[PDB]
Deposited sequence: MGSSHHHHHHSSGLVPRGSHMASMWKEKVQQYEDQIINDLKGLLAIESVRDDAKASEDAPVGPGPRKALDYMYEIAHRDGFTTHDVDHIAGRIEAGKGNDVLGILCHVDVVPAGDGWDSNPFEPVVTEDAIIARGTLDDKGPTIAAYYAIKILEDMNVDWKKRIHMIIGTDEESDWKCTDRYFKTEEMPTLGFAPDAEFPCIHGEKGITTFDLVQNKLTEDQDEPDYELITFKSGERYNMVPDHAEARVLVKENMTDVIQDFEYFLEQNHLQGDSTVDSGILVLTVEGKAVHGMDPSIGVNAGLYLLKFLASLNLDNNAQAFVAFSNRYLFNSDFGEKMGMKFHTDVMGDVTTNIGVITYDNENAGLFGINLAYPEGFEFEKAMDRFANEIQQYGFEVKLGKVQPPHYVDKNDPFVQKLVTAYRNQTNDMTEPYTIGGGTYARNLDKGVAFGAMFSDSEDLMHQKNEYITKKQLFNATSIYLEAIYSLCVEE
């Protein structure tokens, strides 16, 4: 395309830069490591080499303990990350050429690291340099993140991500769980009430059943309470209507034979953002809170009100947590049930960004709850993670690709190399410009 010519104007500089990087015997050497070169002198030089060309070309860089680092470009809130590495495996068995003296041929360039990774690392960097030469007007920051330690897999756990910013999206071809934003974390768990089989006076109201929602991460738009009314009913009915209008709610009340049936409609919406909908079940419990109920029903209504009502962002559970780009901890109450025999239950869906402290928070709350006769039953934990095929950059790469088109004696084709730059080039452009 136009992209392809563009690169062709940088052919010699790409080759030169590449040669320079292949010529470094950046092989792991644990026995000669130091604090200055934690995996040995080679990889350290290869990482330094990258910072030099970055500087030569005017990019800011940032080093992390001389094991990994980044070359920075672009402008804006979002950060696209491209993760690569400059360490290389040993050459070893029967090379027809010097593995760390690159030979550039007519069609091809021959050396260790041509394929993994030095070639793609250079392609990526040149896509960025080319775009920069255009003096193009960026809308995203780009972090070319460069590692040296084969032992790490780019986890939010590993040395770089302990302290450096997490890319909001990106490409990390060789890691299964890179620290890149992707999928919100998500769990479920039940809050279960301990039944209280004790003795008490007859109550103005006995809650017989309550049901709202189902076991989906949706905001329930329907709730029903069936209540035994000791004395008269005109007051409760009148108050329910008032409550419905004060809260701008559709709902309704039905009587038969001493049983009052209270019904509240809400607004279903996905549980991944509950603030947007209206939880019928929580609203109905909110109203029950004003009544003299039997003990168990009253503790159950009370619990909803202390921890649940009007707390879409985990606030009343001690779990508010805000992320600069990745969103907030979110709590949807998808299911609420109650009956005489089993007492009460609340099903919670809790969505979190990396890296909210999940189990620590649970434990704290798990205990706070003890005093109220409520326990936590843990559902499935699905931690935040990156999904390569959902990633908007990986996708532009596949599109850009479509638009265009440990061995011995490893080599890379000139054409493979320039094409790789064209495709990085197109994709990065479309996405950050």
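Coordinate coverage of the deposited sequence is interrupted at 1-22, 428-462, 491-492, where no C-alpha atom was modelled.
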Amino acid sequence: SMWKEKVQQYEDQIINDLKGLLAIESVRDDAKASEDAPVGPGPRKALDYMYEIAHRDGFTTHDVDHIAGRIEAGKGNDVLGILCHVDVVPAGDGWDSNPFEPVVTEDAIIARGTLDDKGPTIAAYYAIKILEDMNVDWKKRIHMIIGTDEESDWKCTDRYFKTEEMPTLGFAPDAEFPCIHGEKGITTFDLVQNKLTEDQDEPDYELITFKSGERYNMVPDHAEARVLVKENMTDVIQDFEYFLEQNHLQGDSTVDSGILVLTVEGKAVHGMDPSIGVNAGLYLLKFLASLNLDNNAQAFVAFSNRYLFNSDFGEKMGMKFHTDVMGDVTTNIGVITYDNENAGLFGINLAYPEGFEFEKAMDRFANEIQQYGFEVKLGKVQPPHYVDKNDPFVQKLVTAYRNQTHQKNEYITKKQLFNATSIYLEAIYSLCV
From here on, numbers count along this sequence of modelled residues.
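When the mean C-alpha temperature factors of 49-57 and 367-375 are read from the deposited coordinates, 367-375 comes out higher. Higher mean CA B-factor, judged across 92-100 and 145-153 from the recorded values: 92-100.
If you compare the C-alpha temperature factors of 361, 299, 329, 229 in the entry, 361 comes out highest. Annotation for 239, 72, 245, 107: 107 ranks highest, by Cα B-factor. Remark: residue 201 belongs to the highest third of its chain, ranked by C-alpha B-factor as recorded.
Ranked against the other modelled residues of its chain, the C-alpha B-factor of residue 398 as given in the entry falls in the highest third. Ranked by Cα temperature factor within the chain, residue 220 sits in the lowest third according to the deposited record. Among the modelled residues of the chain, residue 211 sits in the lowest third by CA temperature factor in this PDB entry.
Remark: residue 171 belongs to the middle third of its chain, ranked by C-alpha B-factor as recorded.
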